[PDB]
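Down below is the structure, laid out as structure tokens.
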Amino acid sequence: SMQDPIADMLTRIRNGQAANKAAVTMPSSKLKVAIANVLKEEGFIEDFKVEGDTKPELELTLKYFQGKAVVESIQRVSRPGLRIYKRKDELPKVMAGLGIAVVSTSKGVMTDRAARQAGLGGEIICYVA
Amino acid sequence: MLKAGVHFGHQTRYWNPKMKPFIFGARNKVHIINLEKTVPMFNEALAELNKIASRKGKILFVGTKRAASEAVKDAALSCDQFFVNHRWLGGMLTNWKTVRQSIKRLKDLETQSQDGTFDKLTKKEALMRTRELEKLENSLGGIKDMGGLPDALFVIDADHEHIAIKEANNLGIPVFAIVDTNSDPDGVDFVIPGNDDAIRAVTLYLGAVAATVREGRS
Amino acid sequence: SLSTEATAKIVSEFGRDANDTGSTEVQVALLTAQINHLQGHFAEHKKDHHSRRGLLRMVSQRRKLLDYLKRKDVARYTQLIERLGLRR
RNA sequence: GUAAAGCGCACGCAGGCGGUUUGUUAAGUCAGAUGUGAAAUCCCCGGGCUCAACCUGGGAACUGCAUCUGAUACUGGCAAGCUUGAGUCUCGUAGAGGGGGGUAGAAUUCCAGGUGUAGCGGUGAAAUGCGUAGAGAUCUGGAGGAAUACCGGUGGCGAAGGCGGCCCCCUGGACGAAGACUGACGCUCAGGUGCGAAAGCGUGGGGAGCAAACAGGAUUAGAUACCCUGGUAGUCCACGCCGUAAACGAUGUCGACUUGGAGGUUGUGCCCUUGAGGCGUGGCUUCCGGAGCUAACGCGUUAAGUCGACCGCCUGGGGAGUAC
Ligand SMILES: [Mg+2]
Ligand SMILES: [Mg+2]
Ligand SMILES: [Mg+2]
Ligand SMILES: [Mg+2]
Ligand SMILES: [Mg+2]
Ligand SMILES: [Mg+2]
Ligand SMILES: [Mg+2]
Ligand SMILES: [Mg+2]
Ligand SMILES: [Mg+2]
């Protein structure tokens, strides 16, 4: 079952990007949003929406560049049944910096760089290259 | 459809998920080429063409298809153009260095029986070779005079002249083809969603491009 | 497996409202139905393993429903078991 | 998947993982501080022996544990819900699903009698064998047992193994339809429990055909076989036992994504339904194939593609799935 919601979003993204699709649909959730936000605020997706008041969806728009998709690669990290928490001096650097590491901190779910400089660690999420 | 409203769509239901972004419907059990959005590729296909055409660029025109042949043989004859409508050999582009030589015979043997150098020696001899020329002018007589590698190339429908695009894209020759439904618009960097035959259709677009070609060079 | 009246009957008898068969009570009851009644079809035949396999489903499905109750509410549980003498 | 490797298949305790909203807690988590982490090693910068090895000052580090002060996104606890997961109700549809009891017809074998008379049976030939005590053939009646032609199929059902005439009884699952309802009650599962082709075992029945064993007749250099003529267990039944198979898709269960083509089976919505018919929209299922995957063969929305929860298993061949 959907024991891991986050993973669904990540996977649903790369898969779509591969089949060349405008956006992607999926039931959003509190976290799914914050995560998707970073994906936008960082340059991986045009925008996103959450249709449905009773049952929230997610008009996550996919982004592309030349003859290829922007999202070159994105995999899950702190997956369930195997969580991952790192300290301020532990936060990794996705693709030597050319990538992003979504991390959830007690101050919010931003990128590695932001959370790192802020001086606080947090549970990692994914490594959107 | 601007004016090309004389072919609309074709290819029953075999189609191709790739050519999808170039359809309007499927009435009468067959997809309908979205000529409403084909107009861009239509006249524009000649745009990028006139450019290389102005530089006396060597532009080829393939189309072995029975129906196209008789019409293509004249298409490139607009001026400084070459045509290939008789089974695209496997080397007249990627392995030109070889075929280019086989052409020689075509030249001489032709100019031979063309002038006075033919009715010499024995008859049987000439009689036996008085044909070779023909077969040669078919698979070369149109792309013979070509100095070397063509600046670009324009083929009717991808599928058919599959090899044409292949050998080309390998050298880096622009692909000006008219892919439709079944056709695969991946080998053609210059998408031209349109019928793959229909006399009234082919002719219309045949001499069509030629325009920017002849109008290109000054 | 069961019958219209037989079912509908036990339903209301455990449904605060009507057509609320989803109710945990109605389920536990409806489940035990073919259960404590199929005993006959099994007291004999025996070799009827295929239908046996299913018997367990309505048994286990009923089991989880009970354990669930004990967690979502103590009362209803300790009060429902009695009406059927379940759990010994 | 075929190299070593998916338990033959189910149910399920423990364990692992857990859809969504809010609040609350602040345990995991992170930030800070404080102890403490012996010194010596190690490391950085720097000194001292002619350099170096060696010695040495200071710092870093000692991945850690404990307490205190915060932060609250995320995991957990808790409280209240929420409906899309799961399930219940209703009405239907399809089915070689299962147990039980009858029953029908075709054929085989055997018995009895008629007609009839020199063969038959079998083979590559033959022979053994059955025939003048009258076979074979053919006809009439009878007894008995096992299996159900055609339909029948890329078909259907089942967890697996498996499951075919018809009729009834008892019964399991699956699927659609529009709703009504419960409100995460879920996914997986070591061990455990149960199911398990065929053969085999026990007791007791039954026994037509087929047939291990065994006996003849051939074949052959030999023929403990293939072929022929016979034929015992068994095959069938009830109850109990044994658990194996190329228990094979040689591919664990569950959930979500991902171009297409043709065909099958079964359900439903709408439609001049007038009409076979058109447009859809579910379950299951064949074959072809794109991306990608693959060592290749090949897999390909029923994946061997892209991912997530859980479990089982492999670590060179022979010895050996043997010994103990
Ligand atoms: Mg092998
Ligand atoms: Mg193997
Ligand atoms: Mg298996
Ligand atoms: Mg120390
Ligand atoms: Mg919480
Ligand atoms: Mg047996
Ligand atoms: Mg026996
Ligand atoms: Mg099935
Ligand atoms: Mg295939």
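Counting other Cβ atoms within 10 Å of each Cβ, which chymotrypsin sites (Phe, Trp or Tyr not before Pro) in the range A:30-103 have at most 16 and sit in a DSSP loop?
Working: sites: A:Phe44, A:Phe48, A:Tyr64, A:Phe65, A:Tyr85; in loops: A:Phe44, A:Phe48, A:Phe65.
The qualifying sites are A:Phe65.
May I ask you to derive the FRET efficiency for C:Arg87 and A:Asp4 from their Cβ-Cβ distance with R0 = 25 Å, giving the value to the nearest 0.05? Numbers along the way, then the final one.
Values: r = 36 Å, r/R0 = 1.44.
FRET efficiency, C:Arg87 to A:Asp4: 0.10.
When the square roots of the Cα gyration tensor eigenvalues are ordered a ≥ b ≥ c, the ratio a/c for the range A:72-129 is 1.5 or more and a/b does not exceed b/c, which makes its shape oblate. Using a 10 angstrom cutoff on alpha carbons, build the Gaussian network for chain A and name the most mobile of A:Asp53, A:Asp89, A:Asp112. For chain A, modelled as a Gaussian network with Cα springs under 10 Å, the answer is A:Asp53. How high is the FRET efficiency from A:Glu41 to B:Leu127, r the C-beta distance, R0 51 Å, rounded to 0.05? My answer for the efficiency is 0.05.
222 nm [θ] for chain C, helices only, -39500 (n - 2.57) per DSSP H run of 4+, per residue, to 500? It would help to have the intermediate numbers written out before the result.
On the way: 4 runs with 60 residues, N = 88.
Mean residue ellipticity at 222 nm (helix-derived): -22500 deg cm²/dmol.
From Cα pairs below 8 angstrom and at least 6 apart in sequence, can you work out the relative contact order of chain A, rounded to a whole percent?
Numbers: 220 pairs, mean separation 30.1, N = 129.
Contact order relative to length: 23 percent.
Close amide-amide hydrogen proximity is noted between B:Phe83 and B:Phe61, B:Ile143, each under 5 Å apart and 5 or more residues distant or on a separate chain (H modeled in the peptide plane; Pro and chain starts excluded). Compare the Cα positions of A:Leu91, A:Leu120, A:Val103 along the charge dipole of the range A:72-129 (+1 at Cβ of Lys, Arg; -1 at Cβ of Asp, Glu; about the Cα centre) and return the one farthest towards the positive end. Result: A:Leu120, furthest along the dipole toward the positive end.
Taking the Cα centre as origin and putting +1 on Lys and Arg beta-carbons and -1 on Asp and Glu beta-carbons, what dipole magnitude results for the range A:1-71, to the nearest 20 debye? Mind showing how you got there, number by number?
Working: 10 positive and 10 negative charges, 46 e Å.
Roughly 220 debye, rounded to the nearest 20.
The slack in the chain from B:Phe118 to B:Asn28, taken as 0.36 nm per residue of separation less the alpha-carbon distance, amounts to 26.6 nm. Over all pairs of different C-alpha atoms, chain B has a mean inverse distance whose reciprocal, the Kirkwood radius, equals 18.3 Å.
When only alpha carbons of chain C are considered, Rg and Dmax amount to 13.7, 41 Å.
Could you compute the net charge surrounding C:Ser51? Neighbours are other residues with a C-beta less than 15 Å from the C-beta of C:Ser51; K and R count +1, D and E count -1.
On the way: positive: C:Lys46, C:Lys47, C:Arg52, C:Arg53, C:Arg57; negative: C:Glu44, C:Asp48.
Cβ neighbours under 15 Å give a net charge of +3.
Residues considered: C:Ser60, C:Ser23, C:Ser51. Largest GNM mean-square fluctuation over chain C, using C-alpha springs under 10 Å, is found at C:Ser51. Using the Cβ-Cβ distance between B:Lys166 and A:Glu59 with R0 set to 45 Å, the FRET efficiency from 1/(1 + (r/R0)^6) comes to roughly 0.65.
Estimated from helices alone, the mean residue ellipticity of chain B at 222 nm is -12000 deg cm²/dmol (sum of -39500 (n - 2.57) over DSSP H runs with n ≥ 4, per residue).
Using unit Cβ charges (K, R positive; D, E negative) and no other charged atoms, how large, in debye to the nearest 20, is the dipole of the protein assembly as shown about its Cα centre?
Details: 68 positive and 52 negative charges, 351 e Å.
About 1680 debye.
Since every read-out is calculated from the coordinates, none of them should be taken as a lab result. All Cβ positions, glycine included, derive from the backbone under ideal geometry; neighbour counts span all protein chains shown.
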